[PDB]
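Content type CSV, N, CA and C atoms, from the file coords.csv:
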```
chain,number,residue,atom,x,y,z
A,1,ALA,N,-4.9,3.3,21.3
A,1,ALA,CA,-5.5,2.4,20.3
A,1,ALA,C,-4.6,1.2,20.0
A,2,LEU,N,-5.2,0.0,20.0
A,2,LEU,CA,-4.5,-1.3,19.9
A,2,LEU,C,-4.5,-1.7,18.4
A,3,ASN,N,-3.3,-2.3,18.0
A,3,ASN,CA,-3.2,-2.8,16.7
A,3,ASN,C,-3.4,-1.9,15.4
A,4,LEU,N,-2.8,-0.7,15.5
A,4,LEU,CA,-2.8,0.3,14.4
A,4,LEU,C,-2.2,-0.3,13.1
A,5,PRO,N,-2.8,0.1,12.0
A,5,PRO,CA,-2.3,-0.4,10.7
A,5,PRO,C,-0.9,0.1,10.3
A,6,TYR,N,-0.6,1.3,10.7
A,6,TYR,CA,0.7,1.8,10.3
A,6,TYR,C,1.6,1.9,11.5
A,7,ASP,N,2.9,1.6,11.3
A,7,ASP,CA,3.9,1.6,12.3
A,7,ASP,C,4.6,2.9,12.3
A,8,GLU,N,4.3,3.8,13.2
A,8,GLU,CA,4.9,5.2,13.2
A,8,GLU,C,6.4,5.2,13.5
A,9,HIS,N,6.9,4.1,14.0
A,9,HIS,CA,8.3,4.0,14.4
A,9,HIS,C,9.2,3.3,13.4
A,10,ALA,N,8.5,2.7,12.3
A,10,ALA,CA,9.3,1.9,11.4
A,10,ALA,C,10.3,2.8,10.6
A,11,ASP,N,11.4,2.1,10.2
A,11,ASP,CA,12.4,2.7,9.3
A,11,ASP,C,11.8,2.3,7.9
A,12,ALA,N,11.0,3.1,7.3
A,12,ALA,CA,10.3,2.7,6.1
A,12,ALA,C,11.3,2.4,4.9
A,13,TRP,N,12.4,3.2,4.8
A,13,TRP,CA,13.3,2.9,3.7
A,13,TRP,C,13.9,1.5,3.8
A,14,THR,N,14.2,1.1,5.0
A,14,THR,CA,14.8,-0.3,5.2
A,14,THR,C,13.7,-1.3,4.9
A,15,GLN,N,12.5,-1.0,5.4
A,15,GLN,CA,11.4,-2.0,5.1
A,15,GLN,C,11.1,-2.1,3.6
A,16,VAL,N,11.1,-1.0,2.9
A,16,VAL,CA,10.9,-1.0,1.4
A,16,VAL,C,12.0,-1.8,0.7
A,17,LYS,N,13.3,-1.5,1.2
A,17,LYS,CA,14.4,-2.2,0.6
A,17,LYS,C,14.3,-3.7,0.8
A,18,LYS,N,13.9,-4.1,2.0
A,18,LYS,CA,13.7,-5.5,2.4
A,18,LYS,C,12.6,-6.2,1.6
A,19,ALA,N,11.5,-5.5,1.3
A,19,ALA,CA,10.4,-6.0,0.6
A,19,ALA,C,10.7,-6.1,-0.9
A,20,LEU,N,11.5,-5.1,-1.5
A,20,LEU,CA,11.9,-5.2,-2.8
A,20,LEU,C,12.9,-6.3,-3.1
A,21,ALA,N,13.7,-6.6,-2.1
A,21,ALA,CA,14.7,-7.7,-2.2
A,21,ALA,C,13.9,-9.1,-2.2
A,22,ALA,N,12.8,-9.1,-1.4
A,22,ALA,CA,12.0,-10.3,-1.4
A,22,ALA,C,11.2,-10.5,-2.7
A,23,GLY,N,10.7,-9.4,-3.3
A,23,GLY,CA,10.1,-9.4,-4.6
A,23,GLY,C,11.0,-9.9,-5.7
A,24,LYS,N,12.2,-9.4,-5.7
A,24,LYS,CA,13.2,-9.9,-6.6
A,24,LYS,C,13.5,-11.4,-6.5
A,25,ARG,N,13.7,-11.8,-5.2
A,25,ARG,CA,13.9,-13.2,-4.9
A,25,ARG,C,12.8,-14.1,-5.3
A,26,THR,N,11.5,-13.7,-5.1
A,26,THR,CA,10.3,-14.5,-5.3
A,26,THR,C,9.7,-14.3,-6.7
A,27,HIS,N,10.3,-13.3,-7.4
A,27,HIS,CA,9.7,-12.8,-8.7
A,27,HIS,C,8.3,-12.4,-8.6
A,28,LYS,N,8.1,-11.5,-7.6
A,28,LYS,CA,6.8,-10.9,-7.3
A,28,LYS,C,6.9,-9.4,-7.3
A,29,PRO,N,5.8,-8.7,-7.7
A,29,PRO,CA,5.8,-7.3,-7.5
A,29,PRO,C,5.6,-6.9,-6.0
A,30,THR,N,6.0,-5.7,-5.6
A,30,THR,CA,5.9,-5.2,-4.3
A,30,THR,C,4.8,-4.1,-4.3
A,31,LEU,N,3.9,-4.2,-3.3
A,31,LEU,CA,2.9,-3.2,-3.1
A,31,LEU,C,3.3,-2.3,-1.9
A,32,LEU,N,3.5,-1.1,-2.2
A,32,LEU,CA,3.7,0.0,-1.2
A,32,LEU,C,2.4,0.7,-0.9
A,33,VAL,N,2.0,0.7,0.3
A,33,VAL,CA,0.7,1.3,0.8
A,33,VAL,C,1.0,2.4,1.6
A,34,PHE,N,0.7,3.7,1.1
A,34,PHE,CA,1.0,4.9,1.9
A,34,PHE,C,-0.3,5.4,2.6
A,35,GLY,N,-0.2,5.7,3.9
A,35,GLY,CA,-1.4,6.0,4.6
A,35,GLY,C,-1.0,6.5,6.0
A,36,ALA,N,-1.9,6.5,6.9
A,36,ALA,CA,-1.7,6.9,8.3
A,36,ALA,C,-2.8,6.4,9.1
A,37,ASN,N,-2.6,6.3,10.4
A,37,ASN,CA,-3.6,5.8,11.4
A,37,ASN,C,-4.8,6.7,11.6
A,38,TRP,N,-4.6,8.0,11.4
A,38,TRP,CA,-5.7,8.9,11.6
A,38,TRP,C,-6.7,8.9,10.5
A,39,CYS,N,-6.3,8.3,9.4
A,39,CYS,CA,-7.2,8.4,8.2
A,39,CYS,C,-8.2,7.2,8.1
A,40,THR,N,-9.5,7.5,8.2
A,40,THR,CA,-10.5,6.5,8.3
A,40,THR,C,-10.5,5.7,7.0
A,41,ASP,N,-10.2,6.3,5.8
A,41,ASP,CA,-10.1,5.5,4.6
A,41,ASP,C,-8.9,4.5,4.6
A,42,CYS,N,-7.8,4.9,5.2
A,42,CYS,CA,-6.7,4.0,5.4
A,42,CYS,C,-7.0,2.8,6.3
A,43,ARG,N,-7.7,3.1,7.4
A,43,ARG,CA,-8.1,2.1,8.3
A,43,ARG,C,-9.1,1.1,7.6
A,44,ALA,N,-10.0,1.6,6.8
A,44,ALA,CA,-11.0,0.8,6.1
A,44,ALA,C,-10.3,-0.1,5.1
A,45,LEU,N,-9.3,0.5,4.4
A,45,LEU,CA,-8.6,-0.3,3.4
A,45,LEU,C,-7.9,-1.5,4.1
A,46,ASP,N,-7.2,-1.2,5.2
A,46,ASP,CA,-6.5,-2.2,5.9
A,46,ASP,C,-7.4,-3.3,6.4
A,47,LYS,N,-8.6,-2.9,6.9
A,47,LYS,CA,-9.5,-3.9,7.5
A,47,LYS,C,-10.0,-4.8,6.3
A,48,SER,N,-10.3,-4.3,5.2
A,48,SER,CA,-10.7,-5.1,4.0
A,48,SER,C,-9.6,-6.0,3.5
A,49,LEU,N,-8.4,-5.5,3.5
A,49,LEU,CA,-7.3,-6.3,3.0
A,49,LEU,C,-6.9,-7.5,3.9
A,50,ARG,N,-7.4,-7.3,5.2
A,50,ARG,CA,-7.2,-8.3,6.2
A,50,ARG,C,-8.2,-9.5,6.1
A,51,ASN,N,-9.3,-9.4,5.3
A,51,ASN,CA,-10.3,-10.4,5.3
A,51,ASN,C,-9.7,-11.7,4.6
A,52,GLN,N,-10.3,-12.8,4.7
A,52,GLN,CA,-9.7,-14.0,4.2
A,52,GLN,C,-9.5,-14.0,2.6
A,53,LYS,N,-10.6,-13.6,1.9
A,53,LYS,CA,-10.5,-13.6,0.4
A,53,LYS,C,-9.4,-12.6,0.0
A,54,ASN,N,-9.3,-11.4,0.6
A,54,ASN,CA,-8.4,-10.4,0.1
A,54,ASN,C,-7.0,-10.7,0.6
A,55,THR,N,-6.8,-11.3,1.8
A,55,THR,CA,-5.5,-11.7,2.3
A,55,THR,C,-4.9,-12.7,1.3
A,56,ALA,N,-5.7,-13.7,0.9
A,56,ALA,CA,-5.2,-14.7,0.0
A,56,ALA,C,-4.7,-14.1,-1.3
A,57,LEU,N,-5.5,-13.2,-1.9
A,57,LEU,CA,-5.1,-12.5,-3.1
A,57,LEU,C,-3.8,-11.8,-3.0
A,58,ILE,N,-3.7,-11.0,-1.9
A,58,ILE,CA,-2.5,-10.1,-1.7
A,58,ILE,C,-1.3,-11.0,-1.4
A,59,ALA,N,-1.4,-12.0,-0.6
A,59,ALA,CA,-0.3,-12.8,-0.2
A,59,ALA,C,0.3,-13.6,-1.4
A,60,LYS,N,-0.6,-14.1,-2.2
A,60,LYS,CA,-0.2,-14.9,-3.3
A,60,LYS,C,0.6,-14.0,-4.4
A,61,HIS,N,0.2,-12.8,-4.5
A,61,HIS,CA,0.7,-12.0,-5.6
A,61,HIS,C,1.7,-10.9,-5.3
A,62,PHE,N,1.8,-10.5,-4.1
A,62,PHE,CA,2.7,-9.3,-3.7
A,62,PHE,C,3.5,-9.5,-2.5
A,63,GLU,N,4.6,-8.8,-2.5
A,63,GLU,CA,5.3,-8.5,-1.2
A,63,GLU,C,4.6,-7.1,-0.8
A,64,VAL,N,4.4,-6.9,0.5
A,64,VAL,CA,3.7,-5.7,0.9
A,64,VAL,C,4.4,-4.9,2.0
A,65,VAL,N,4.4,-3.6,1.9
A,65,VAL,CA,5.0,-2.7,2.9
A,65,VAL,C,4.0,-1.5,3.1
A,66,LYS,N,3.7,-1.2,4.4
A,66,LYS,CA,2.9,-0.1,4.7
A,66,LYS,C,3.8,1.1,5.2
A,67,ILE,N,3.6,2.2,4.6
A,67,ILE,CA,4.5,3.4,4.8
A,67,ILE,C,3.6,4.5,5.5
A,68,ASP,N,3.9,4.8,6.7
A,68,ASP,CA,3.3,5.9,7.5
A,68,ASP,C,3.7,7.2,6.9
A,69,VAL,N,2.7,8.1,6.6
A,69,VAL,CA,3.0,9.4,6.1
A,69,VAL,C,2.6,10.4,7.2
A,70,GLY,N,2.1,10.0,8.4
A,70,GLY,CA,1.8,10.9,9.4
A,70,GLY,C,0.7,11.9,9.0
A,71,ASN,N,0.8,13.1,9.5
A,71,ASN,CA,-0.1,14.2,9.1
A,71,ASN,C,0.5,14.8,7.8
A,72,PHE,N,0.7,14.0,6.8
A,72,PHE,CA,1.4,14.5,5.6
A,72,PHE,C,2.7,15.1,6.0
A,73,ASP,N,3.5,14.4,6.9
A,73,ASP,CA,4.7,15.0,7.4
A,73,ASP,C,5.7,14.0,7.8
A,74,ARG,N,5.6,12.7,7.3
A,74,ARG,CA,6.5,11.7,7.6
A,74,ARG,C,6.8,10.9,6.3
A,75,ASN,N,8.0,10.5,6.1
A,75,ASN,CA,8.3,9.7,4.9
A,75,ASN,C,8.0,10.3,3.6
A,76,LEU,N,8.0,11.7,3.5
A,76,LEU,CA,7.5,12.3,2.3
A,76,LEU,C,8.5,12.1,1.2
A,77,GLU,N,9.8,12.0,1.5
A,77,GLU,CA,10.7,11.7,0.4
A,77,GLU,C,10.6,10.3,-0.2
A,78,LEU,N,10.1,9.4,0.6
A,78,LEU,CA,9.8,8.1,0.1
A,78,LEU,C,8.6,8.1,-0.9
A,79,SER,N,7.6,8.9,-0.6
A,79,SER,CA,6.5,9.1,-1.5
A,79,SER,C,7.1,9.8,-2.8
A,80,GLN,N,7.9,10.8,-2.6
A,80,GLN,CA,8.5,11.5,-3.8
A,80,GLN,C,9.3,10.6,-4.7
A,81,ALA,N,10.0,9.6,-4.1
A,81,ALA,CA,10.9,8.7,-4.8
A,81,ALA,C,10.1,7.8,-5.8
A,82,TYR,N,8.9,7.5,-5.4
A,82,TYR,CA,8.1,6.5,-6.0
A,82,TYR,C,6.9,7.1,-6.7
A,83,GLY,N,7.0,8.4,-7.1
A,83,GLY,CA,6.1,9.0,-8.0
A,83,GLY,C,4.9,9.8,-7.4
A,84,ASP,N,5.2,10.3,-6.2
A,84,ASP,CA,4.2,11.1,-5.4
A,84,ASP,C,2.8,10.5,-5.3
A,85,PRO,N,2.7,9.3,-4.9
A,85,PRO,CA,1.4,8.7,-4.9
A,85,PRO,C,0.4,9.4,-3.9
A,86,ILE,N,0.9,10.0,-2.9
A,86,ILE,CA,0.0,10.6,-1.9
A,86,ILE,C,-0.5,12.0,-2.2
A,87,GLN,N,0.0,12.6,-3.3
A,87,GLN,CA,-0.4,14.0,-3.6
A,87,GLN,C,-1.9,14.0,-4.0
A,88,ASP,N,-2.4,12.9,-4.4
A,88,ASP,CA,-3.6,12.7,-4.9
A,88,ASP,C,-4.6,12.1,-3.9
A,89,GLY,N,-4.2,12.0,-2.6
A,89,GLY,CA,-4.9,11.5,-1.4
A,89,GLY,C,-4.4,10.2,-0.9
A,90,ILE,N,-4.7,9.9,0.3
A,90,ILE,CA,-4.4,8.6,1.0
A,90,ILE,C,-5.7,7.9,1.3
A,91,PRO,N,-5.7,6.6,1.4
A,91,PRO,CA,-4.5,5.7,1.1
A,91,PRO,C,-4.2,5.7,-0.4
A,92,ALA,N,-2.9,5.5,-0.7
A,92,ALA,CA,-2.4,5.5,-2.0
A,92,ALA,C,-1.4,4.3,-2.2
A,93,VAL,N,-1.3,3.8,-3.4
A,93,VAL,CA,-0.5,2.6,-3.6
A,93,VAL,C,0.5,2.8,-4.7
A,94,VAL,N,1.6,2.1,-4.6
A,94,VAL,CA,2.6,2.0,-5.7
A,94,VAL,C,2.8,0.5,-5.9
A,95,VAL,N,2.8,0.0,-7.1
A,95,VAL,CA,3.2,-1.4,-7.4
A,95,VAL,C,4.6,-1.3,-8.1
A,96,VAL,N,5.5,-1.9,-7.5
A,96,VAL,CA,6.9,-1.9,-8.1
A,96,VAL,C,7.1,-3.4,-8.6
A,97,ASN,N,7.6,-3.5,-9.8
A,97,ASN,CA,7.9,-4.8,-10.4
A,97,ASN,C,9.1,-5.4,-9.7
A,98,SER,N,9.2,-6.7,-10.0
A,98,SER,CA,10.3,-7.5,-9.4
A,98,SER,C,11.7,-7.0,-9.7
A,99,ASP,N,11.8,-6.2,-10.7
A,99,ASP,CA,13.1,-5.6,-11.0
A,99,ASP,C,13.3,-4.2,-10.3
A,100,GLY,N,12.4,-3.8,-9.4
A,100,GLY,CA,12.7,-2.6,-8.7
A,100,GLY,C,12.1,-1.3,-9.3
A,101,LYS,N,11.5,-1.5,-10.5
A,101,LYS,CA,11.0,-0.3,-11.2
A,101,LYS,C,9.5,-0.2,-11.0
A,102,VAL,N,9.0,1.0,-10.8
A,102,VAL,CA,7.6,1.2,-10.6
A,102,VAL,C,6.8,0.8,-11.8
A,103,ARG,N,5.6,0.1,-11.6
A,103,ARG,CA,4.7,-0.2,-12.7
A,103,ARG,C,3.5,0.7,-12.7
A,104,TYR,N,2.9,1.0,-11.5
A,104,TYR,CA,1.7,1.6,-11.4
A,104,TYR,C,1.6,2.4,-10.1
A,105,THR,N,1.1,3.6,-10.1
A,105,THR,CA,0.8,4.4,-8.9
A,105,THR,C,-0.6,4.9,-9.0
A,106,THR,N,-1.3,5.1,-7.8
A,106,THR,CA,-2.6,5.7,-7.8
A,106,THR,C,-2.4,7.2,-7.9
A,107,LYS,N,-2.7,7.8,-9.0
A,107,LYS,CA,-2.5,9.3,-9.2
A,107,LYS,C,-3.8,10.0,-9.2
A,108,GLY,N,-5.0,9.4,-9.0
A,108,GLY,CA,-6.3,10.1,-9.1
A,108,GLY,C,-7.1,9.8,-7.9
A,109,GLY,N,-6.4,9.5,-6.7
A,109,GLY,CA,-7.2,9.3,-5.5
A,109,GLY,C,-8.1,8.1,-5.7
A,110,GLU,N,-7.6,7.1,-6.4
A,110,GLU,CA,-8.4,5.8,-6.7
A,110,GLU,C,-8.9,5.1,-5.4
A,111,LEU,N,-8.1,5.2,-4.3
A,111,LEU,CA,-8.5,4.6,-3.0
A,111,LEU,C,-8.8,5.6,-2.0
A,112,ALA,N,-8.9,6.9,-2.3
A,112,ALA,CA,-9.0,7.9,-1.3
A,112,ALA,C,-10.4,7.9,-0.6
A,113,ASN,N,-11.3,7.1,-1.2
A,113,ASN,CA,-12.6,6.9,-0.5
A,113,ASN,C,-12.8,5.5,-0.1
A,114,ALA,N,-11.7,4.8,0.3
A,114,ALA,CA,-11.8,3.3,0.6
A,114,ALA,C,-12.9,3.0,1.7
A,115,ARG,N,-13.1,4.0,2.6
A,115,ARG,CA,-14.2,3.7,3.6
A,115,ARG,C,-15.6,3.4,3.0
A,116,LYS,N,-15.8,3.9,1.8
A,116,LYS,CA,-17.1,3.7,1.1
A,116,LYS,C,-17.1,2.5,0.2
A,117,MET,N,-15.9,1.9,-0.1
A,117,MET,CA,-15.8,0.8,-1.0
A,117,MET,C,-16.2,-0.5,-0.4
A,118,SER,N,-16.8,-1.3,-1.2
A,118,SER,CA,-17.1,-2.7,-0.7
A,118,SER,C,-15.9,-3.6,-0.7
A,119,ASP,N,-16.0,-4.7,0.0
A,119,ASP,CA,-14.9,-5.7,0.0
A,119,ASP,C,-14.7,-6.2,-1.5
A,120,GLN,N,-15.7,-6.3,-2.2
A,120,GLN,CA,-15.6,-6.8,-3.6
A,120,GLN,C,-14.9,-5.7,-4.5
A,121,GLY,N,-15.3,-4.4,-4.2
A,121,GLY,CA,-14.6,-3.3,-5.0
A,121,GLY,C,-13.1,-3.3,-4.7
A,122,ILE,N,-12.7,-3.5,-3.4
A,122,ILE,CA,-11.3,-3.5,-3.0
A,122,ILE,C,-10.6,-4.7,-3.7
A,123,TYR,N,-11.3,-5.9,-3.6
A,123,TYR,CA,-10.8,-7.1,-4.2
A,123,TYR,C,-10.6,-6.8,-5.7
A,124,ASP,N,-11.5,-6.2,-6.4
A,124,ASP,CA,-11.5,-6.1,-7.9
A,124,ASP,C,-10.3,-5.1,-8.2
A,125,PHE,N,-10.1,-4.1,-7.4
A,125,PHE,CA,-9.0,-3.1,-7.6
A,125,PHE,C,-7.7,-3.9,-7.6
A,126,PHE,N,-7.4,-4.7,-6.6
A,126,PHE,CA,-6.1,-5.4,-6.5
A,126,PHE,C,-6.0,-6.6,-7.5
A,127,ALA,N,-7.1,-7.2,-7.8
A,127,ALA,CA,-7.2,-8.3,-8.7
A,127,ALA,C,-6.8,-7.8,-10.1
A,128,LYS,N,-7.3,-6.6,-10.5
A,128,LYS,CA,-6.9,-6.1,-11.9
A,128,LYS,C,-5.4,-6.0,-12.0
A,129,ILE,N,-4.7,-5.6,-11.0
A,129,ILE,CA,-3.3,-5.4,-11.0
A,129,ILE,C,-2.6,-6.8,-11.3
A,130,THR,N,-3.3,-7.9,-10.7
A,130,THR,CA,-2.7,-9.2,-10.8
A,130,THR,C,-3.0,-9.9,-12.2
A,131,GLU,N,-3.9,-9.3,-13.0
A,131,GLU,CA,-4.2,-9.8,-14.3
A,131,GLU,C,-3.0,-9.7,-15.3
```
Can you give me the file's structure in the form of structure tokens?
Amino acid sequence: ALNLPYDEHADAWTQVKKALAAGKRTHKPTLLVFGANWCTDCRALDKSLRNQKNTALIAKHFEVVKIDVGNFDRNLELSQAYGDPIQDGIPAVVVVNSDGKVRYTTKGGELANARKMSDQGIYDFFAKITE
């Protein structure tokens, strides 16, 4: 499969460190998106976030890192470090403020049915965080 949303080879800790450094520099929060390529809800969320309206919202407001969790068997300690966002389902997100401290985590499977969400529902979810 071509152009997978998650990079199964990435050094996720390095990527998160680099995104958090960028957020501190730009005074923006960082969005950590935990998911995997097998998960149809994760693929749907990525496709929606790729659209023009949603890309503009995310790019303006966040630094972003996608963290592959495999079959719930990769990068688990990085999930644990940031408040266990995946225990409640994937895709899951963490918003970290520009100072490196977590602001918000999805702890109720808020995005776990993203394949059923509309583009506007996805927009509204991320827009609320930017309010």
Quick one: contact table of segment 75-131 of chain A to segment 10-34 of chain A, 6 Å max, nearest atom pair and distance in Å to one decimal per residue, counting all atoms listed in the file, chain and number order, as a Markdown table?
```
| residue | atom | partner | partner_atom | distance |
| --- | --- | --- | --- | --- |
| A:90 | CA | A:34 | C | 5.4 |
| A:91 | CA | A:34 | C | 4.5 |
| A:92 | C | A:34 | N | 4.0 |
| A:93 | CA | A:32 | C | 4.4 |
| A:94 | N | A:32 | C | 4.0 |
| A:95 | CA | A:30 | C | 4.4 |
| A:96 | C | A:30 | N | 3.9 |
| A:97 | CA | A:29 | CA | 4.4 |
| A:98 | N | A:29 | CA | 4.3 |
| A:99 | N | A:24 | CA | 5.7 |
```
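Computed from the coordinates, the atom N of residue 109 of chain A to atom CA of residue 53 of chain A distance equals 24.5 Å.
Distances here use only C-alpha atoms; by that measure, the residue among A:37, A:48, A:130, A:54 closest to residue 69 of chain A is A:37.
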Neighbours of segment 117-129 of chain A within 9 Å (only C-alpha atoms; same-chain residues fewer than 2 positions away dropped), as a PDB file with N, CA and C atoms, in the frame of the given file?
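File written: around-v5.pdb
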```
ATOM      1  N   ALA A  44     -10.000   1.600   6.800  1.00  0.00           N
ATOM      2  CA  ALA A  44     -11.000   0.800   6.100  1.00  0.00           C
ATOM      3  C   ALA A  44     -10.300  -0.100   5.100  1.00  0.00           C
ATOM      4  N   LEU A  45      -9.300   0.500   4.400  1.00  0.00           N
ATOM      5  CA  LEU A  45      -8.600  -0.300   3.400  1.00  0.00           C
ATOM      6  C   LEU A  45      -7.900  -1.500   4.100  1.00  0.00           C
ATOM      7  N   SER A  48     -10.300  -4.300   5.200  1.00  0.00           N
ATOM      8  CA  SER A  48     -10.700  -5.100   4.000  1.00  0.00           C
ATOM      9  C   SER A  48      -9.600  -6.000   3.500  1.00  0.00           C
ATOM     10  N   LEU A  49      -8.400  -5.500   3.500  1.00  0.00           N
ATOM     11  CA  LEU A  49      -7.300  -6.300   3.000  1.00  0.00           C
ATOM     12  C   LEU A  49      -6.900  -7.500   3.900  1.00  0.00           C
ATOM     13  N   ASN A  51      -9.300  -9.400   5.300  1.00  0.00           N
ATOM     14  CA  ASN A  51     -10.300 -10.400   5.300  1.00  0.00           C
ATOM     15  C   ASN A  51      -9.700 -11.700   4.600  1.00  0.00           C
ATOM     16  N   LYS A  53     -10.600 -13.600   1.900  1.00  0.00           N
ATOM     17  CA  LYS A  53     -10.500 -13.600   0.400  1.00  0.00           C
ATOM     18  C   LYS A  53      -9.400 -12.600   0.000  1.00  0.00           C
ATOM     19  N   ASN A  54      -9.300 -11.400   0.600  1.00  0.00           N
ATOM     20  CA  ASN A  54      -8.400 -10.400   0.100  1.00  0.00           C
ATOM     21  C   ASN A  54      -7.000 -10.700   0.600  1.00  0.00           C
ATOM     22  N   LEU A  57      -5.500 -13.200  -1.900  1.00  0.00           N
ATOM     23  CA  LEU A  57      -5.100 -12.500  -3.100  1.00  0.00           C
ATOM     24  C   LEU A  57      -3.800 -11.800  -3.000  1.00  0.00           C
ATOM     25  N   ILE A  58      -3.700 -11.000  -1.900  1.00  0.00           N
ATOM     26  CA  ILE A  58      -2.500 -10.100  -1.700  1.00  0.00           C
ATOM     27  C   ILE A  58      -1.300 -11.000  -1.400  1.00  0.00           C
ATOM     28  N   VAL A  95       2.800   0.000  -7.100  1.00  0.00           N
ATOM     29  CA  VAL A  95       3.200  -1.400  -7.400  1.00  0.00           C
ATOM     30  C   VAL A  95       4.600  -1.300  -8.100  1.00  0.00           C
ATOM     31  N   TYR A 104       2.900   1.000 -11.500  1.00  0.00           N
ATOM     32  CA  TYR A 104       1.700   1.600 -11.400  1.00  0.00           C
ATOM     33  C   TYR A 104       1.600   2.400 -10.100  1.00  0.00           C
ATOM     34  N   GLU A 110      -7.600   7.100  -6.400  1.00  0.00           N
ATOM     35  CA  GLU A 110      -8.400   5.800  -6.700  1.00  0.00           C
ATOM     36  C   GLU A 110      -8.900   5.100  -5.400  1.00  0.00           C
ATOM     37  N   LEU A 111      -8.100   5.200  -4.300  1.00  0.00           N
ATOM     38  CA  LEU A 111      -8.500   4.600  -3.000  1.00  0.00           C
ATOM     39  C   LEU A 111      -8.800   5.600  -2.000  1.00  0.00           C
ATOM     40  N   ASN A 113     -11.300   7.100  -1.200  1.00  0.00           N
ATOM     41  CA  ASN A 113     -12.600   6.900  -0.500  1.00  0.00           C
ATOM     42  C   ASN A 113     -12.800   5.500  -0.100  1.00  0.00           C
ATOM     43  N   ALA A 114     -11.700   4.800   0.300  1.00  0.00           N
ATOM     44  CA  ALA A 114     -11.800   3.300   0.600  1.00  0.00           C
ATOM     45  C   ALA A 114     -12.900   3.000   1.700  1.00  0.00           C
ATOM     46  N   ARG A 115     -13.100   4.000   2.600  1.00  0.00           N
ATOM     47  CA  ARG A 115     -14.200   3.700   3.600  1.00  0.00           C
ATOM     48  C   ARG A 115     -15.600   3.400   3.000  1.00  0.00           C
ATOM     49  N   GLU A 131      -3.900  -9.300 -13.000  1.00  0.00           N
ATOM     50  CA  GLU A 131      -4.200  -9.800 -14.300  1.00  0.00           C
ATOM     51  C   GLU A 131      -3.000  -9.700 -15.300  1.00  0.00           C
TER      52      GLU A 131
END
```
Worksheet item: What's the 8 Å shell around residue 70 of chain A, counting all atoms listed in the file, without same-chain residues fewer than 5 positions away, as a PyMOL selection string?
Response: chain A and resi 8+34-39+75-76
Would you save the residues of that selection, restricted to N, CA and C atoms, as an mmCIF file, keeping the file's coordinate frame?
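Output below, filename again-v2.cif:
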```cif
data_model
loop_
_atom_site.group_PDB
_atom_site.id
_atom_site.type_symbol
_atom_site.label_atom_id
_atom_site.label_comp_id
_atom_site.auth_asym_id
_atom_site.auth_seq_id
_atom_site.Cartn_x
_atom_site.Cartn_y
_atom_site.Cartn_z
ATOM 1 N N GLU A 8 4.300 3.800 13.200
ATOM 2 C CA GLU A 8 4.900 5.200 13.200
ATOM 3 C C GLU A 8 6.400 5.200 13.500
ATOM 4 N N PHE A 34 0.700 3.700 1.100
ATOM 5 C CA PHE A 34 1.000 4.900 1.900
ATOM 6 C C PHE A 34 -0.300 5.400 2.600
ATOM 7 N N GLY A 35 -0.200 5.700 3.900
ATOM 8 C CA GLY A 35 -1.400 6.000 4.600
ATOM 9 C C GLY A 35 -1.000 6.500 6.000
ATOM 10 N N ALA A 36 -1.900 6.500 6.900
ATOM 11 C CA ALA A 36 -1.700 6.900 8.300
ATOM 12 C C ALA A 36 -2.800 6.400 9.100
ATOM 13 N N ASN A 37 -2.600 6.300 10.400
ATOM 14 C CA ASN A 37 -3.600 5.800 11.400
ATOM 15 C C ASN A 37 -4.800 6.700 11.600
ATOM 16 N N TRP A 38 -4.600 8.000 11.400
ATOM 17 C CA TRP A 38 -5.700 8.900 11.600
ATOM 18 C C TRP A 38 -6.700 8.900 10.500
ATOM 19 N N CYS A 39 -6.300 8.300 9.400
ATOM 20 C CA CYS A 39 -7.200 8.400 8.200
ATOM 21 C C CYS A 39 -8.200 7.200 8.100
ATOM 22 N N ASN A 75 8.000 10.500 6.100
ATOM 23 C CA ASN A 75 8.300 9.700 4.900
ATOM 24 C C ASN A 75 8.000 10.300 3.600
ATOM 25 N N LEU A 76 8.000 11.700 3.500
ATOM 26 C CA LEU A 76 7.500 12.300 2.300
ATOM 27 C C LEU A 76 8.500 12.100 1.200
#
```
Item to complete: Write out as a ChimeraX atom specification each polymer residue whose atoms come within 8 Å of residue 5 of chain A, counting only C-alpha atoms; drop sequence neighbours fewer than 2 positions from it.
Response: /A:3,7,36-37,43,46,66
Discussion item. I'd like to know which residues of segment 42-77 of chain A are alpha helix (DSSP H) (by DSSP, run on the backbone); could you write them as number ranges by chain?
Written reply: A: 42-49, 52-61, 76-77
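If you measure from each of A:42, A:102, A:64, A:112 to residue 89 of chain A using only N, CA and C atoms, the closest one turns out to be A:112.
Between atom CA of residue 87 of chain A and atom CA of residue 55 of chain A lies a distance of 26.9 Å.
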Worksheet item: Hey, what does DSSP flag as strand (DSSP E or B) within segment 27-131 of chain A? Can you give it to me as an MDAnalysis selection string?
Response: chainID A and resid 30:35 63:68 92:96 102:105
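Between atom N of residue 56 of chain A and atom C of residue 68 of chain A there is a distance of 23.7 Å.
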